[PDB]
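First comes the structure, then the notes that go with it.
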There are 2 protein chains.
Amino acid sequence: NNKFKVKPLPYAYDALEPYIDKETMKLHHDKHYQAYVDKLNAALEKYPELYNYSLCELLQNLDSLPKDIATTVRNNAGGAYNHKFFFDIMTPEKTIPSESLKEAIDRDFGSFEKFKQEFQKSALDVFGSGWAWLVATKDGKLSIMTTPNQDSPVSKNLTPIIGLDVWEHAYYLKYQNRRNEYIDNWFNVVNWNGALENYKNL
Amino acid sequence: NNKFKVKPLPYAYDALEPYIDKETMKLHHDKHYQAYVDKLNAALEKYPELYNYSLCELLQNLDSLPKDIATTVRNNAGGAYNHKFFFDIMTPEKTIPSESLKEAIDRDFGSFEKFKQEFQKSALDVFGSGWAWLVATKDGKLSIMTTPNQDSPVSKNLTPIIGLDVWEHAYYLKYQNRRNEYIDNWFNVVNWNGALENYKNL
Ligand SMILES: [Co+2]
Ligand SMILES: [Co+2]
């Protein structure tokens, strides 16, 4: 069986309280993430050789996939990849920026504080469903960008370092309309060690 | 003062229970709808003569508004118009299709049941944030279409007859990921008399 799978949450469903509620973690992982994976697998039944592509490979070749599944793969491989990434980039452990990622943030944004301000503003300004990302070019230059729906920076040859889901399902149960509060709180759970590995994998 | 205003909810905040929760009605009207109106008014301070356009006029002329506010007006006039419309198209009273709208539904969809099935499927299939609409051409021909985010059929010279908000904020508190259940329940509160007036105003 080479079908795509949902990665088990890397910590307890209540591990991110009080910043993200357990009920949301259950729904987000067990229902939303699970649905993207199921829908992707269903779409590929017609072209089973595609089960041997990685999620990244699907995302890097959306415009050359068979026409009849291009959109479904974009949405659902996007959803599968972004959510796997998202749960991996959070942690109950305390972490801070370090080594080359820490230096790069200072270099490219001036300071951690300026980076944080810009990231929070970009996340807040996403209109409709989408994501805010810290991304790196292949040479390690950092910037902040957003994507709509389940579109991914991977499709633009940019490497996600950290990323925040600002679909309303990610925050409504606890924060309702107050996305600003969600964004501010989320920084308490960003896994900076994971982000560092993401940066080093360039 | 010719600034755009939030229309007071046309019934009690708990009037749509048990199909839509009071807490959602409060948030949806008092926070989300209110925000679109505030943001629109702010954007027009620079061009106060635009306060004399109707929401429809703004929406019909997005591509000819001053470049610096075109997008903000699209999103926020869209939000203001769609939500005013949405709260107006629901009711605690019992209503059914009648007169010319009833006939037109049968003519254009074959039966009310077929219309309902198609509408529900279109609403379910909206990916990301958006709306499902029953719309009429200027000659009264009916069809179902969806729009993303706060885009509106009005911008395409189509007249909304009924419309369903499928942004997650519209249903997450009560239905969480189960948009299908939200959509099915919503039909209990559709104001068919209001829809009829919408249809007759062609
Ligand atoms: Co999500
Ligand atoms: Co809404």
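Note on naming: chains are A, B, ... as they come in the structure tokens, residues start from 1 per chain, ligands start from 1 in the order shown.
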Show me which residues sit within 9 Å of ligand 2 when counting only C-alpha atoms and all ligand atoms, and put them as a short mmCIF file (atom, residue, chain, number, x, y, z; two decimals) with C-alpha atoms, in the first residue's frame.
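Output (selection_22.cif):
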data_model
loop_
_atom_site.label_atom_id
_atom_site.label_comp_id
_atom_site.auth_asym_id
_atom_site.auth_seq_id
_atom_site.Cartn_x
_atom_site.Cartn_y
_atom_site.Cartn_z
CA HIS B 28 -21.81 37.06 12.46
CA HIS B 29 -23.89 40.24 12.53
CA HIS B 32 -18.10 40.14 10.93
CA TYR B 33 -20.76 42.18 9.13
CA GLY B 79 -18.95 41.67 2.63
CA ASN B 82 -23.62 39.85 0.98
CA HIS B 83 -24.29 39.87 4.71
CA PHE B 86 -27.92 36.94 3.88
CA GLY B 130 -17.35 31.72 -0.28
CA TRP B 131 -21.05 31.63 -1.14
CA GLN B 150 -16.90 38.14 -0.68
CA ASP B 165 -22.67 31.95 3.38
CA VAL B 166 -20.26 28.98 3.58
CA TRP B 167 -17.37 30.80 5.20
CA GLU B 168 -16.49 28.64 8.22
CA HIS B 169 -17.43 31.48 10.58
CA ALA B 170 -21.06 31.00 9.45
#
Using only C-alpha atoms and a distance of at most 12 Å, pull out the residues of chain B that contact chain A, as a PyMOL selection string. chain B and resi 23-24+26-36+71-72+74-76+79+125-131+147-151+166-179
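Neighbours of residue 51 (chain B) closer than or equal to 7 Å, with only C-alpha atoms counted and sequence neighbours fewer than 3 positions away skipped, come out as residues 2, 3, 4, 44 and 48 of chain B.
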Applying 8 Å and only C-alpha atoms, which residues near residue 124 (chain B) remain after dropping the ones on its own chain fewer than 2 positions away? List them as a PyMOL selection string. chain B and resi 120-122+126+179-180+183
Test item, alpha helix (DSSP H) assignment across region 145-192 of chain B, answer as a PyMOL selection string: chain B and resi 172-175+179-186+192
List as a list in words the protein and nucleic acid residues near residue 43 (chain A), meaning an atom at most 8 Å away when only C-alpha atoms are counted, but skip any in the same chain fewer than 2 places from it. residues 39, 40, 41, 45, 46, 69, 72 and 73 of chain A
Mind checking which residues fall within 12 Å of residue 95 (chain A), counting only C-alpha atoms, ignoring those fewer than 2 positions away in the same chain, and posting them as an MDAnalysis selection string? chainID A and resid 89:93 97:98 102 187:196
Keeping only C-alpha atoms, write the selected residues as a short mmCIF file (atom, residue, chain, number, x, y, z; two decimals), in the first residue's frame.
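What landed in result04.cif:
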data_model
loop_
_atom_site.label_atom_id
_atom_site.label_comp_id
_atom_site.auth_asym_id
_atom_site.auth_seq_id
_atom_site.Cartn_x
_atom_site.Cartn_y
_atom_site.Cartn_z
CA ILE A 89 5.87 23.20 13.20
CA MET A 90 4.16 23.48 16.58
CA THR A 91 5.24 22.00 19.89
CA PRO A 92 4.44 21.97 23.63
CA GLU A 93 8.20 22.26 24.29
CA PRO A 97 15.46 30.72 17.16
CA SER A 98 19.11 29.62 16.98
CA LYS A 102 18.42 32.95 13.95
CA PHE A 187 3.98 32.21 18.60
CA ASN A 188 4.09 30.50 22.00
CA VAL A 189 3.93 27.11 20.25
CA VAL A 190 6.09 27.65 17.15
CA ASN A 191 8.72 24.89 17.08
CA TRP A 192 11.90 26.85 16.35
CA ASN A 193 14.04 23.71 16.32
CA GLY A 194 11.82 22.23 13.63
CA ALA A 195 12.03 25.53 11.76
CA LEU A 196 15.83 25.31 12.00
#
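Atom to atom, CA of residue 112 (chain B) and CA of residue 154 (chain B) stand 24.0 Å apart.
In this structure, CA of residue 184 (chain B) sits 9.8 Å away from CA of residue 117 (chain B).
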Find the residues near residue 100 (chain A): any atom within 10 Å, counting only C-alpha atoms, skip ones fewer than 4 places away on the same chain, and give them as a list in words. residues 104, 105, 106, 140, 196, 199 and 200 of chain A
Can I get the selection written as an mmCIF file, in the first residue's frame, with N, CA and C atoms?
data_model
loop_
_atom_site.group_PDB
_atom_site.id
_atom_site.type_symbol
_atom_site.label_atom_id
_atom_site.label_comp_id
_atom_site.auth_asym_id
_atom_site.auth_seq_id
_atom_site.Cartn_x
_atom_site.Cartn_y
_atom_site.Cartn_z
ATOM 1 N N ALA A 104 19.858 34.392 10.067
ATOM 2 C CA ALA A 104 19.200 34.748 8.812
ATOM 3 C C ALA A 104 18.009 35.669 9.059
ATOM 4 N N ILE A 105 17.276 35.421 10.143
ATOM 5 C CA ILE A 105 16.161 36.290 10.493
ATOM 6 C C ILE A 105 16.663 37.706 10.758
ATOM 7 N N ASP A 106 17.713 37.828 11.566
ATOM 8 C CA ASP A 106 18.294 39.142 11.813
ATOM 9 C C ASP A 106 18.771 39.796 10.526
ATOM 10 N N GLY A 140 18.809 30.557 0.558
ATOM 11 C CA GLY A 140 18.640 30.794 1.981
ATOM 12 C C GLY A 140 18.153 32.185 2.337
ATOM 13 N N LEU A 196 14.394 25.358 12.300
ATOM 14 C CA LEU A 196 15.825 25.308 11.999
ATOM 15 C C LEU A 196 16.151 24.141 11.065
ATOM 16 N N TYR A 199 15.123 24.952 7.663
ATOM 17 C CA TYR A 199 16.059 25.878 7.038
ATOM 18 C C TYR A 199 17.346 25.183 6.595
ATOM 19 N N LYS A 200 17.801 24.215 7.384
ATOM 20 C CA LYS A 200 19.053 23.528 7.089
ATOM 21 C C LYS A 200 18.903 22.554 5.931
#
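In this model, the gap between CA of residue 78 (chain A) and CA of residue 58 (chain A) comes to 8.9 Å.
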Run DSSP on the backbone of this structure and report the residues of region 11-198 of chain B it assigns to strand (DSSP E or B), as JSON, numbers by chain. {"B": [90, 130, 131, 132, 133, 134, 135, 136, 142, 143, 144, 145, 146, 147, 148, 159, 160, 161, 162, 163, 164, 165, 190]}
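Between ligand 1 and the candidates A:80, A:20, A:202, A:96, the tightest atom-to-atom separation, counting only C-alpha atoms and all ligand atoms, involves A:80.
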